[PDB]
């Protein structure tokens, strides 16, 4: 009726989105099981506790797992939701290939359970966290929504594609459902306040947090996974997108659902690709620190270059990413410098 349910809202993208929702006047209800979120000193996960402080608005939260039908039932009885933004899931941490069942359980079974409860309670409006990984090895660049999908390299990406397909099927079968599938490119950056940001545990698998950790002195040097691709400089190229813009894209998705759009799919990227070395350099500039690097072997399954065609999202969702490279680096640096250990110990 009123509320927006946000699954996995304590995570990186989700917490930034909760913040945007609150500032836009929405009332979110967040759920998370702390699988990859840090527990604050109170009820709320630290990220959310900080979002509350930042917005001066309260965060309604419930600790729970999407795999728990009982809890889902109780949740859906307690609140009247008008839409669900689904961030909860396991992300490839490079782990996927080795633990397929965990991925398929959490991402597939958990999403199906969510979809079923939504259907049961008549909440047929969803915004889903998809990924450019669904396009597989790029056939052409930039990647537009019409590029082929499926034929993924890993259990994680396959999981994303399977979910998109299930949702398409659901929308076909029941014309009352509205779903916006958002294919994120490479999220980076952090809220301008520097109070929240990505909080990886252990050695980061993604570039940016590793880069930021070298700059802060936590890591000796960045290992660059190959310099022999068919890219202007030999290193992998990606469409780095500021998490704040990404979060704002979810609000635009909400408005889209109101149009009774059925199933729509949009890329959420800037359309500008940057190489590993370019990112390193920009981080040196932002941080004022040196970021030593070593060229190592190619990482299994890595693609040479991946970047988005942002046209459709601009035309249909009315959204474009506003923040550039320098801004992403400055914000990421601020978060890292201001929070040397992430959210806590």
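Residue numbers count along the first chain shown, from 1.
- Look at the C-alpha B-factors of 271 to 279 and of 97 to 105. On average they run higher in 97 to 105.
- Averaged over Cα atoms, the B-factor as recorded in the entry is higher for 198 to 206 than for the other of 129 to 137 and 198 to 206.
- Remark: of 37, 30, 296, 286, 296 shows the highest value [criterion: C-alpha B-factor in the PDB entry].
- Considering 191, 219, 86, 256 together, the PDB entry gives 219 the largest C-alpha B factor.
- Annotation for residue 8: CA B-factor lies in the lowest third of the chain's modelled residues.
- Residue 53: CA B factor lies in the highest third for its chain, per the PDB record.
- Per the PDB record, residue ranking by Cα B-factor puts residue 142 in the lowest third of the chain.
- The entry lists a Cα temperature factor for residue 65 that places it in the highest third of the chain's modelled residues.
- Residue 116: CA B factor in the middle third of modelled residues in this chain (values from the PDB entry).
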